[PDB]
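In order, the protein sequences belong to chains A and C. FYI, the numbering for the first sequence is 364 to 397, 503 to 533, going by the entry's author numbering. Residues in the second sequence are numbered consecutively from 3, following the entry's author numbering. For reference, the structure is listed below as structure tokens.
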Amino acid sequence: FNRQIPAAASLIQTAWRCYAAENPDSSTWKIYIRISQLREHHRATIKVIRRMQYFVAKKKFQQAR
Amino acid sequence: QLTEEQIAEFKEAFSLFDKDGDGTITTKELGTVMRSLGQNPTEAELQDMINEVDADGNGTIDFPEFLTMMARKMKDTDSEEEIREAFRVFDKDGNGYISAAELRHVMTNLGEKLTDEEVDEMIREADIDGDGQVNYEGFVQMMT
Ligand SMILES: [Ca+2]
Ligand SMILES: [Ca+2]
């Protein structure tokens with residue numbers, strides 16, 4: 364019943380995680396518990517992946533419309 | 003639009019995925035990076051991500067594609083309208099506002115499931131008046 368609900372939330376969530384990652388002291392950087505000390509090469513690949521996941525969540529929201 | 007330094011920063015980011023050095027990014031290389039961050043993607047997850055960036059459609063990502071994706075103005079490229087309609091799925095019947103408690107429920111328990119600390123940042127920055135009612139139209143602009 365309404366597939367738009369998950370796709371909508373995921374588009375908001377990915378868009379915000381993409382926006383929050385531009386702030387390097389954001390709480391969004393705490394979610395990687397498996503990384504001992506977060507270095508700059510982690511942050512560079514994290515921003516790329518988050519952008520990729522935003523474009524996917526955007527597509528799936530589009531498809532559910 | 004783009005500086006010479008941002009392009010160089012994107013070239014270094016491209017090199018971290020392109021472990022082989024052949025100038026393209028495969029689904030297997032993306033899966034290696036993501037697992038190094040504690041993620042556990044599946045082959046469809048990785049192929050979904052690659053298909054959104056692969057222009058030609060060969061299944062691989064070259065640096066022009068990578069740079070095109072990283073430089074997409076995801077603020078004016080008709081994105082604000084879709085995030086707005088995403089909020090409208092849960093909108094308080096037409097309102098244009100969303101309960102801070104309702105936003106926390108959707109952000110924490112649905113979709114990607116953000117952390118409780120992440121929702122605090124989102125609510126605090128989006129609750130301009132501090133009343134527990136966020137207008138997302140204004141929040142969308144802040145993100146963009
Ligand atoms: Ca490669
Ligand atoms: Ca390609």
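From the three backbone atoms N, C-alpha and C, an ideal C-beta is built for every residue, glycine too.
Which one or two residues does DSSP pair with residue i in a beta bridge?
{"i": "residue 365 (chain A)", "result": "According to DSSP, which records beta bridges pairwise, residue 365 (chain A) is partnered with nothing at all."}
{"i": "residue 146 (chain C)", "result": "DSSP output for residue 146 (chain C) lists no bridge partner at all."}
{"i": "residue 135 (chain C)", "result": "C:101"}
{"i": "residue 27 (chain C)", "result": "C:63"}
Is the Cβ of residue i closer than 8 Å to any Cβ of chain C?
{"i": "residue 519 (chain A)", "result": "yes"}
{"i": "residue 376 (chain A)", "result": "yes"}
{"i": "residue 384 (chain A)", "result": "no"}
{"i": "residue 387 (chain A)", "result": "no"}
{"i": "residue 367 (chain A)", "result": "yes"}
Between residue i and chain A, is any beta-carbon pair separated by less than 8 Å?
{"i": "residue 78 (chain C)", "result": "no"}
{"i": "residue 113 (chain C)", "result": "yes"}
{"i": "residue 22 (chain C)", "result": "no"}
{"i": "residue 56 (chain C)", "result": "no"}
{"i": "residue 45 (chain C)", "result": "no"}
Rounded to a whole number of angstroms, what is the C-alpha to C-alpha distance between residue i and residue j?
{"i": "residue 514 (chain A)", "j": "residue 95 (chain C)", "result": "36 Å"}
{"i": "residue 91 (chain C)", "j": "residue 23 (chain C)", "result": "44 Å"}
{"i": "residue 505 (chain A)", "j": "residue 392 (chain A)", "result": "11 Å"}
{"i": "residue 520 (chain A)", "j": "residue 131 (chain C)", "result": "33 Å"}
{"i": "residue 44 (chain C)", "j": "residue 70 (chain C)", "result": "25 Å"}
{"i": "residue 395 (chain A)", "j": "residue 111 (chain C)", "result": "19 Å"}
{"i": "residue 120 (chain C)", "j": "residue 56 (chain C)", "result": "31 Å"}
{"i": "residue 529 (chain A)", "j": "residue 370 (chain A)", "result": "5 Å"}
Say the cut is 7 Å; is the CB of residue i nearer than that to a heavy atom of ligand 1?
{"i": "residue 22 (chain C)", "result": "yes"}
{"i": "residue 27 (chain C)", "result": "yes"}
{"i": "residue 31 (chain C)", "result": "yes"}
Could you check whether the Cβ of residue i sits closer than 7 Å to any heavy atom belonging to ligand 2?
{"i": "residue 53 (chain C)", "result": "no"}
{"i": "residue 62 (chain C)", "result": "yes"}
{"i": "residue 50 (chain C)", "result": "no"}
{"i": "residue 67 (chain C)", "result": "yes"}
Given a threshold of 16 other Cβ atoms within 10 Å of its Cβ, counted over all protein chains shown, does residue i qualify as buried or as exposed?
{"i": "residue 64 (chain C)", "result": "buried"}
{"i": "residue 61 (chain C)", "result": "exposed"}
{"i": "residue 144 (chain C)", "result": "exposed"}
{"i": "residue 20 (chain C)", "result": "buried"}
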